[PDB]
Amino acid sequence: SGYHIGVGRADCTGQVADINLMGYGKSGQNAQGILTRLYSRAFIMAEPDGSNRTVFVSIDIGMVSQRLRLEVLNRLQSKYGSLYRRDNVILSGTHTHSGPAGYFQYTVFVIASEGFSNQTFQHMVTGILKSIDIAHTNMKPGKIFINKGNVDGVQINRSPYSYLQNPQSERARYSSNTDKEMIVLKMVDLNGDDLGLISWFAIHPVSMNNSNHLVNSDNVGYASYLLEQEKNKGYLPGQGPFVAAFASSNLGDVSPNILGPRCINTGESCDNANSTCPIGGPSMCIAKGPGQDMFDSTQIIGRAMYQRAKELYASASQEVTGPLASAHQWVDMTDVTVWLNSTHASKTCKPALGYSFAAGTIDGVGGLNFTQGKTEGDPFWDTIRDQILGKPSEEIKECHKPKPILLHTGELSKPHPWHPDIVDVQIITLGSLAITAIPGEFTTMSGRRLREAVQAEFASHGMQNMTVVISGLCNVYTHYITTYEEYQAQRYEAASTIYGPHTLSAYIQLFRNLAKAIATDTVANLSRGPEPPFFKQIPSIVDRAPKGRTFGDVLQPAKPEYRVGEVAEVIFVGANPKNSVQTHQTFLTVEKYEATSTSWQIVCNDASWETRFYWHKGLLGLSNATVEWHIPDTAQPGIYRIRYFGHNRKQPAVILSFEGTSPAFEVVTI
């Protein structure tokens, strides 16, 4: 009668040192430690008999790459055969901008990441696989419920004037320029106890800005963190049976920095078409979060989403029932004929980035003085583009108009193709719920159009009252998708619409077709599409301890006494964190002494948002590992200690484990 449901969560955190953070594309934003862990969260549904399985995976990562998906799918086949295929598995990225880079195959993202990290890549894959394996081996008879509600005051539109380019009658049908609606998917067993939840909600996880060097899952990660910690009472962060995943949506033009765009020098509003300031230009125009710092902003936004997610979960009553289905297709997005009429058609283009891509956003500005809204090129940069990369054909220029091409990645294939041509489109249906796997970042109106169009298709073919959600950053990254009208303004998202002005119209057409195949039960009649390619292709340092010391020894102990609210800091002689990159669940623990049992009990780990782990490189193999415990006001007085877990490299090449334990210290009542 009802579904078999499995859920799982697994650590998919790469290395937290000697690597850049992915998302902002900032030059010097390298990882120097960890604020919280990154998890892969998998949800597996099956028919009563165990047939027709579907897998949705929400991953604490900036983007899901083509290479990541292909690697994961191959290993899934090896272990599970025909159970989990390209069509019934969705891999979605939460879009955190504080995750380790270097997991792409296409040249553009390899340049941004400054290379490819096998270590980081493999642990991501095993992390994703582990989450799936847990869900697979822990399936139970149960039911699925769904609920909807608005989340207030956690978002603004970071390109509102481009939104206004959309037709009036269309804009008149909505109350806001952002999708305030959260959709919670509730999962329980037949005994009524909690299994897990999924929460779709449109927002950029960029509350931690590009000045940050600590690995974390940002606002949506913190929301997942609060949900899991509330349900899994008595469990440490990252542990506990209940699994709570926030899923990315149409977040393309949605910012969490609700104070809005202001000029750093004057404090004036720079909410204009160019996102620029009269004195200092675009680099002065920045949107800030609600908190005292980025940590506070992240938690304020994250808590609000958690609060609404908690309420909707509790009050969920509408049951989800019906058959499971899935449809997938590979599509050459460079050559899609899109119909604007019955009589009139146009075409998608070979991938290209516009001038305004280099301008960044109010959530993270570019360094090169580019401004958003550039509909014209200049002889200066056109020259540089021609001399270095090559001169764009007249076809690709005309196809992309009015976008002025900065990078014509579609015609740049050395050493490997810079941008993908083959893109995944897929829909997975759980009864009346349809999930569209979007290969990038849909803007607000883009997601609205595709949702309703796909819903309408289902309706036309007998599947009534379908709830359709946009699942962002799925399967392969193709940057942003704007509406035709938004594309004209050529702001950052529009300049990052790589297949041209008709990219959205193509997807709506493609996804409508997928929905039709599912409803008419003719998904087998869908053409496979062209298969995507699998491309094949820091000096080693021996860690050292100070003379007369060894790894894990305390160089700086904590204060003898602390009051709640303060920050306890302990410094150890350390080794490179990348040596620890698979039984290394944490770099640190905060432990409380219990006098009655005369024993130490772990209260925090490196996944706790209250703790921070910094790594600083020294001379000739020397290095420090700093653990900070930001003592919460709710923390109980007592005797505490901080421990450190790492790995050192000796040399043939051997990795050894070590531990450090700080002298006991105390939190006091005042």
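Start at 1 with the first residue shown and count on from there.
J.: Between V581 and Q582, what class does the number of missing deposited residues fall in: none, 1 to 3, 4 to 9, or 10 or more?
T.: 1 to 3 residues are missing.
J.: Would you class the number of unmodelled deposited residues between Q651 and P652 as none, 1 to 3, 4 to 9, or 10 or more?
T.: Count of unmodelled residues in between: 4 to 9.
J.: Between 197-205 and 309-317, name whichever shows the higher mean Cα B factor according to the PDB entry.
T.: Here the higher of the two C-alpha B-factor means belongs to 309-317.
J.: Going by the average Cα B-factor in the PDB entry, point out whether 330-338 or 108-116 comes out higher.
T.: Result of the comparison: 108-116.
J.: Between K347, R158, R303, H419, which carries the biggest CA temperature factor in the record?
T.: Answer, based on the entry's C-alpha B-factors: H419.
J.: Between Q509, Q488, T444, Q537, which one tops the list for C-alpha B-factor in the PDB entry?
T.: Top of the list by C-alpha B-factor: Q537.
J.: Determine, from the deposited record, the chain-internal third of the Cα B-factor for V627: lowest, middle or highest.
T.: It belongs to the lowest third of the chain when residues are ordered by C-alpha B-factor.
J.: Comparing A46 with the other modelled residues of its chain, is its CA B-factor in the lowest, middle or highest third?
T.: Highest third - that is where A46 ends up once the chain's C-alpha B-factors are sorted.
J.: Quick check for you: using the entry's CA B-factors within this chain, is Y480 in the lowest, middle or highest third?
T.: Lowest third.
J.: Could you look up the Cα B-factor of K414 in the entry and say which third of the chain it sits in: lowest, middle or highest?
T.: Answer is highest: the recorded C-alpha B-factor places it there.
J.: Compared with the other modelled residues in the chain, in which third is the CA B-factor of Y235?
T.: Its C-alpha B-factor belongs to the highest third of this chain's values.
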